[PDB]
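[1] Sequence first, structure after, both from an experimental entry:
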Amino acid sequence: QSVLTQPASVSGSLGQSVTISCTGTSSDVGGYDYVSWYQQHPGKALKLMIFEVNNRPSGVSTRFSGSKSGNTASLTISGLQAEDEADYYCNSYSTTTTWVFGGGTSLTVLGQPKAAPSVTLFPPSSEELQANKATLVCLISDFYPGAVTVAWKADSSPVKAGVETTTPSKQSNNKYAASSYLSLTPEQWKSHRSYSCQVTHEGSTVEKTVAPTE
Amino acid sequence: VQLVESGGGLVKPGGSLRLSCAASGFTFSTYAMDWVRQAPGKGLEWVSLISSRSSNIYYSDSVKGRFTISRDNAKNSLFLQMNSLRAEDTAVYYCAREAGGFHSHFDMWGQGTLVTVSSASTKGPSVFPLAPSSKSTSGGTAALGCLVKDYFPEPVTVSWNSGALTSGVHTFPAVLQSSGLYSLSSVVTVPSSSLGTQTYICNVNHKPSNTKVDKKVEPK
Amino acid sequence: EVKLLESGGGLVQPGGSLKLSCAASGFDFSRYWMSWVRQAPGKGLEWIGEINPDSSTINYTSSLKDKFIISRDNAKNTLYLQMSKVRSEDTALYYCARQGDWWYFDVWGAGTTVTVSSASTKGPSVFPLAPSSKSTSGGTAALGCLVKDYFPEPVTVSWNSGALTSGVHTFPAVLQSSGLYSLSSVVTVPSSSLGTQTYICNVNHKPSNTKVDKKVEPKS
Amino acid sequence: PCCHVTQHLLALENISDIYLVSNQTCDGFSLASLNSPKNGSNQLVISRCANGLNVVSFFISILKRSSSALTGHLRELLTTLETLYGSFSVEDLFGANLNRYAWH
Amino acid sequence: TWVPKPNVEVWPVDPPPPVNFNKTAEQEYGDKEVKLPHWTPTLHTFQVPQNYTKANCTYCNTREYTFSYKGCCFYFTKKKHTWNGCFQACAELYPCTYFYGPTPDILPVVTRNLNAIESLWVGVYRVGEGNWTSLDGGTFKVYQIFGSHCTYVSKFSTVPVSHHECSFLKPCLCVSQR
Amino acid sequence: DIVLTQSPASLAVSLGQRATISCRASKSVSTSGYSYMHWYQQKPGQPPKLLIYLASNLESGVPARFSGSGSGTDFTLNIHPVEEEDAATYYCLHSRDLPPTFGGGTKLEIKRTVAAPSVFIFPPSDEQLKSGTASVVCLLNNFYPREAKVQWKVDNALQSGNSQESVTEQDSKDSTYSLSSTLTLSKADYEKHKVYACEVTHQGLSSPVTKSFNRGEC
Amino acid sequence: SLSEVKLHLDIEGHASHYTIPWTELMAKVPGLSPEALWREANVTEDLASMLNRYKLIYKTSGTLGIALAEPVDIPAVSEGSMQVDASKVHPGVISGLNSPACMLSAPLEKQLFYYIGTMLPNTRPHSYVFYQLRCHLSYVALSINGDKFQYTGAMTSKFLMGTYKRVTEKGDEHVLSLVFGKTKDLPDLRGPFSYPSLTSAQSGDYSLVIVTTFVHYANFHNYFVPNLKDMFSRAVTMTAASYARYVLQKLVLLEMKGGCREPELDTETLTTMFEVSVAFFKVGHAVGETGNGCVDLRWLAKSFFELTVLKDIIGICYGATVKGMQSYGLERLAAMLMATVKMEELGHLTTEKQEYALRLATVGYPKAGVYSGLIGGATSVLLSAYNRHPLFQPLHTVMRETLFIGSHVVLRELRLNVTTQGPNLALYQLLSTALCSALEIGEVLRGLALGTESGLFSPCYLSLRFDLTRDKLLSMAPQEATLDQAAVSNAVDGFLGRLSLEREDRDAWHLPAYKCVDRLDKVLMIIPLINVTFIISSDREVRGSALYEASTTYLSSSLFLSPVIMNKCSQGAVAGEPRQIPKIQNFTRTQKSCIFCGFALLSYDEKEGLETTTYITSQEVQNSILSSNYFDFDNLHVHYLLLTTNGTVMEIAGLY
Ligand SMILES: *[C@@H]1O[C@H](CO)[C@@H](O)[C@H](O)[C@H]1NC(C)=O
Ligand SMILES: *[C@@H]1O[C@H](CO)[C@@H](O)[C@H](O)[C@H]1NC(C)=O
């Protein structure tokens, strides 16, 4: 046990700087000694950004810096680029538990140019029709925040169905990228007129509708 | 300096599992190697540490007498044996290299292996073609895609016609249903006229179930 | 108290050999230094050799370096002198002496005469000397025995069974023209005796082995 | 990486970080790098090397003479320093260049 | 008639003294702070007496000499003496005798006339830092293992052996010459 | 070697007076204060007797009148009250070096009063006459002045060259001399003469004293 | 001005980091100076000088590791043993010797090691190897050959370190140390020195190490070659009291062979010194290693008796000093328990109780016996042992051990310029004389020839029997059928050398009748009775109130019996023809009444001398004397003589 504490929410506007911290006890050994900071990225295998409180390896940029430990330590990221928003962990030597690792901080850049969701909703296929299972795949496109709510309609306001929603991370040079997926309707989806997904972005709603057509 | 894990997969609760970890490009007998795991979508926690020539080894209190480390000579591979696994051991395991003289941090990491400890068995994903509407227009887009549905082991890789296209996204991160199975969708956007010139097909591969499928995507 | 007596040495011829044994008694023989000395009639005393007790490291004089050999035997308590290549120069009375502290000859022996004359041994002459009546019988007399024409090795002349201390004279032996010697024993007995006390002077010669008691009686 | 030891003088008060090598780093030489406090930028940290065996023995003696009042941390220090002392052999050092790392 | 008598008993003694149970350790013991005792040896140098030397006179006491060899008469002194103090102890024993140092030639005869328990002071000595000599001269291949300065012999001795502390009590061999 | 020279080869001293003998060594016999010079007495017919050992030490069993002394190269022997029986030969001996040499010797004479000699004559017996030789003897005993003469007479016939004299040393008691005179002849010349006589002259005799005997007379 | 320091160890590729806070650590640990050891460590020492200082120390060859097993000396607590704190000794725990009791180990050890000093000096032989240690210690120090050879053995409760130092006449000095203890408890080493390179002997947990230079090792090996293997074996496998007794017998043999008058620099002597050190350490460390518990009082007495005897003997011989291993609390407890038993009736208790009482008497009263009443105790132990012992027979092992334990206070009192226990010491010596017969002397000589426990002590050592010359002893010596004849000769020599008047000046210099005699060398026996005291000598000049003469052969020395009235001498002998000893042929063998109690009996031989002496005490002794095989009237040379309290001598020769 004995994990160290660090805030989960971290945000910084584009072009400036942001500070993360991970408090500790005897792991920060009072005087600054041996603290590391790694970046995670979606599905990647981590890369050492900072080590020994404030030392940078070969290949990394001077945008990242380390601060005096004292008992809390800090990593300062200056000039937040595009590849900067991700998961950041801190690590330290612990005389009790060998290694003490971080809980994770999801850094996101706020000063991003807005993008419009290009929603596409698909109807069930014939293979699904003959399999007695019907699913409606309504996948979104680029947006600005990771939080993008979706309301699903048959004709007007149905709820408590097979709605399944996620909020995937950034795709290759597509900024906040997209999310996908939704409701599982039974064999009788042609009993209703149509089905639509109304995605909600920054105060605006954009819907996409499909209907049974042969 | 490549460092590869391999040797992971789906296992039953209370069973056994042997993870390998091949490393190359550096003197493997000079550095200490640690195993660190990360629960899916959760933080990182240190598992174990072996030194050069397996002198003194360290285990976290979360493994104690359940995991064991193993090493070999020269640039051979590292190993971790897991006995009596529990649900909390479901994570991606990396084998990273410790730093050199008078340094307490990690150097290079490996890609990692997904170890899922659950009583749920494996199930192959079903593929269904998400067909577009043949509307007459100048360019635009086409609702072209396919749907892989209902599979328990997490990793599933899809590619359209063996990945001969670099435009249009080919993956959407899978969802976790209330039942426990996964489902994702490959939706590459090709222009509307690109129909008879090259028919679309999405090859899906689910290795933990040993299932490679490829289905037509041409619409009705 | 210490008693040293030498062996009765007789006669040897030039170039001969005669072992000379001197026996000791009355003291420890293996602790004292021993010495051989000689006295020639008309020359005086002359030291010829000495030997240390037990250690057996002998020292002779210059003229008798290779001529004499002195040996010792404390098991028999006797000192030995051996002659070799004898000549007319060492005809004398040999004495064995016992050296004291500071090595003065503390105790002397009886002495043994040694002569190197080619003439062989011969017998003596024996006859008495009668009282004579021209002397008035007032308690004074004169008689004895006469031994002449002999070789100078012995004088065992003791008058009347060794009970005579008055007037007993033994004259020295004088060389004769023939090559012999002569002397007499005379005694002045009380003329009151005459009869009864008529026994004999004992005259003995050692080499020829002759004891003599030739009656000394007056003529009628 | 390595060092050389000659006998300017810094007392135990101005010592903050000592660095002890292992039985495989610098041949079989027990070497110790003693570094002054790092506090400040007007104040440079001075590093002088010393006989690692003597430092390890000094610390073993200090920790042994205070075993009654010793934490598990310092107890682990004692154990690992005792096994470190036994990792270096003063023998098999006779024909070796005792100035292997002096560059003049 | 004879008179009876009681059994012989031990003479009466006095009761034990009152034990001092109210005394502190600082009173019963010392200053607690102790200094381990050390000693400074008053080392003195050895010098030849000069006035005591080999007697050019020659003598031999046949009455009470221990044993003779060659032209040497040897006495073992009845009284035991210190090695240094024996130079005089034989200048007064007999006339014209002195402390003698046995050579390899006389040594076996000396060790032969000896019991298995006693030892003897001999006249081998070293003044400086080498060349062991005696009152007659010459060199000796002394079996030196202690502080030197003096020598002694025993029954199984082959060479004069140096002694550690020569203030002991042992007889001395002494010689008279010719 | 070392030569010892005794200064008094002969010495006559009246009984009860002091006699003194000297001995001189070639080189010094005294070493380290001890003088290796002893004095011995030899009596005629007896082995030498130890008088004095070392320079002055009187050997046990010797009267205190015998006293040795001297040092270096000169030594003396003193007899303050000389006595009868003390008349003998005296030698000095050295033991300094290895070869010990004695002295030349010294004969001591006692100056006593003049004594009259007693003269006797003995003829041959029957045991000798049948052998082939004859010998008449004449005894001259108990006289001190040693200088004396004796002459035989064969019926008043001087026969020089066929008579032998033999003198004894000074006697131990009374210190009186004796002299044996033997006159030999053949058996064919003894029964030829009758009165054999002996005529002696001595200082104690104012007139020459003669004594005679006749052959085979009762 | 000290703060903290971070240690970093990159071992096996992995980096560990520890932190040492010198503040607070120095505050909670007294007498600890980090900078002192930092200076003593020579941290800046180059590798060349460090290797030179390393090769200047005698490194031993790797031994095998002999397997041994330590004994069980200290037992468990015995039922309701009232635990006593040595710091607070209340006089209410004196419930006799029968009540079990134990003393708490922590305050006892703090009392034993009350003194504190430096034992790892800054001298050249020890500075190279050892960090200067200053701790609570106890030491045994001695110096012989006029301060030319010194041995100092210091010890804690964890390890002992003895040190020989010999100063040659040229001025040089050679030092060599031997450290014995537990491998985990050995002191801290300095520089590149380890212990396997210096270990001479090693069991499972114990270790014996030698510390010296090669030059000093050669100089010592010349005249000092110890059997370190058997030394360590005896040090580990023996108990405390047994090892102390072994060292005691070794010191006794040294006092006999040559003696402490001229101490030899032989391996045996130095071994005995280090074994004295080990004997003290084996009690100190044993008390200190039981772990804050308590040690039985019986074990404590049995061990500290031997320790006090060893201290007294090494102080008498080599003038050695022992600072430590005292415990004033143990002394108070023993002196308190001594007041719970009558010393005059001490011999009526059990043999175990007698040994307990004598142990406590030696422990609680070690100061030269200022309280002389203890003598009356030992006498009561001897007298009670005299009446229950078969007459004219060798002393049994139990009786010999009891009397050896009891005779220490008598030995102590006999070395005093004055003593208020005149008649009690006289009675003790008279019983010791009456116990010494021919068979007892034979047993002592046998034990001395072999070296067993029989030759360690016997009452004849304290006897008033002066006629024991050589010839008499090797005539009384046992027939060496399976013994070494030279060993019997050496045993006789040692037996007669211990009895010497020059030996430590004991004997009877304060006996009142000892001053009556003039020619003290012609004395053969002294008998101190109640009123008068008899002297048996070969001289008519005894200066008594009477003069007797017994029947003896011609040529052989005469037997003169002279009494002294009320211990007061007279003018000078009797100046007359000696009295005839009245004969008693009008005597009956059966004597139901105790009419001979308080007299003395002498069986002697006209040709040889005295044979047996007997103080005829109780009715048992008189009985065993009278109608038994003792009275033989066959040999015309043996006679039986009786000495009364009225000063009248008689000769008994008739029985019907
Ligand atoms: C040690 O550090 C102090 C810091 O207060 C400094 O003043 C001093 O000069 C340094 N050196 C010594 C030898 O004290
Ligand atoms: C420390 O080592 C140096 C190196 O030769 C030496 O000169 C000095 O005497 C040593 N000091 C001590 C206290 O050992």
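    Nice, thanks for sending it over. Numbers count the residues shown, from 1 in each chain, chains lettered A, B, ... in the order given. Ligands and ions are numbered 1, 2, ... in the order given.

[2] Please make it C-alpha for all contacts and neighbour counts, starting now.
    Will do.

[3] which residue of chain B sits farthest from its center?
    Ranking residues of chain B by C-alpha distance from their mean position (CA atoms, centre = their mean) puts residue B:136 at the top, at 41.3 Å.

[4] should've said chain E
    For chain E, the largest distance from the centre (CA atoms, centre = their mean) belongs to residue E:1, which lies 64.1 Å off.

[5] Relative to the whole chain's centre, how far out is the helix or strand where residue G:310 lies?
    Per DSSP states H and E: residue G:310 is located in helix G:297-317. Chain-centre distance of helix G:297-317: 7 Å, with CA atoms, centre = their mean, to the nearest Å.

[6] For it, name the packing helices and strands.
    strand G:101-104, helix G:240-256, helix G:267-289, strand G:321-323, helix G:351-364 (3 or more CA pairs under 8 Å, 6 or more residues apart in numbering or on different chains; DSSP states H and E).

[7] Identify all contacting residues around that helix.
    G:73-74, G:100-103, G:240-241, G:244-245, G:248, G:255, G:260-261, G:276, G:279-280, G:283, G:320-322, G:356, G:359-360, G:362-363, G:366, G:408, G:504 (CA atoms under 8 Å, 6 or more residues apart in numbering or on different chains).

[8] Of these, keep whichever come out buried.
    Buried by 16 or more other CA atoms under 10 Å in any protein chain shown: G:74, G:100-103, G:240-241, G:244-245, G:248, G:255, G:260, G:276, G:279-280, G:283, G:320-322, G:356, G:359-360, G:362-363, G:366, G:408, out of the contacts of helix G:297-317.

[9] Mind checking which residue lies nearest the centre of chain F?
    What sits nearest the mean C-alpha location of chain F, by CA atoms, centre = their mean, is residue F:169, with 2.4 Å.

[10] Now it. Nearest residue, chain neighbours left out?
    Of all residues not flanking residue F:169 in the chain, residue F:177 sits nearest, at 6.5 Å (CA to CA, 6 or more residues apart in numbering or on different chains).

[11] dump the residue contacts of that neighbour.
    Applying CA under 8 Å, 6+ apart to residue F:177 gives the contacts F:141-146, F:167-171.

[12] thinking again about what came up before, from memory the residue nearest to the centre of chain F sits against residue F:44, does it?
    Yes - using CA atoms under 8 Å, residue F:169 is in contact with residue F:44, at 7.3 Å.

[13] Name the residues of the helix holding residue G:310 that come out as buried.
    Result for helix G:297-317 [16+ other CA under 10 Å]: buried residues G:297-314, G:317.

[14] One more: stretch E:48-60?
    Across stretch E:48-60, burial judged by 16+ other CA under 10 Å covers E:53-55, E:57-60.

[15] Stretch G:410-429 too?
    Judged by neighbour count using 16+ other CA under 10 Å, the buried positions of stretch G:410-429 are G:410-415, G:419, G:421, G:423-429.

[16] And stretch G:466-484, by the same measure?
    Burial within stretch G:466-484, assessed by neighbour count using 16+ other CA under 10 Å, is assigned to G:466-468, G:473-474, G:476-478.

[17] can you check stretch G:577-586 too?
    Using 16+ other CA under 10 Å as the test for burial, stretch G:577-586 gives G:578-579, G:581.

[18] Adding secondary structure and distance to chain E, write the residues you listed out as a markdown table.
    Listed next are the buried residues of stretch G:577-586 as a markdown table, based on DSSP: H, G, I helix; E, B strand; the rest coil; distance: CA to the nearest CA, whole Å:
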| residue | secondary structure | distance to chain E |
| --- | --- | --- |
| G:578 | coil | 27 |
| G:579 | strand | 23 |
| G:581 | coil | 19 |
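
[19] tell me which of those is nearest to ligand 1?
    Minimum distance to ligand 1 across the buried residues of stretch G:577-586 is 98.5 Å, recorded for residue G:578 (CA to the nearest ligand atom).

[20] give the contact list for residue B:61.
    Applying CA under 8 Å, 6+ apart to residue B:61 gives the contacts residue A:1.

[21] now it: how far from residue A:96?
    As judged by CA to CA, to the nearest Å, residue B:61 and residue A:96 stand 11 Å apart.

[22] Likewise for residue G:18?
    Applying CA to CA to residue G:18 and residue A:96 gives a distance of 11 Å.

[23] The residue in chain B that ligand 2 sits nearest to: neighbour count?
    Here the residue of chain B nearest ligand 2 is residue B:102; by CA to the nearest ligand atom that distance is 28.1 Å. For residue B:102, the count of nearby residues is 19 (other CA atoms under 10 Å in any protein chain shown).

[24] Return the residues in contact with the residue most central in space within chain D.
    Chain D has residue D:32 as the residue nearest its centroid, 2.9 Å off, counting by CA atoms, centre = their mean. For residue D:32, the contact set (CA under 8 Å, 6+ apart) comprises D:18-21, D:49-52, D:55.
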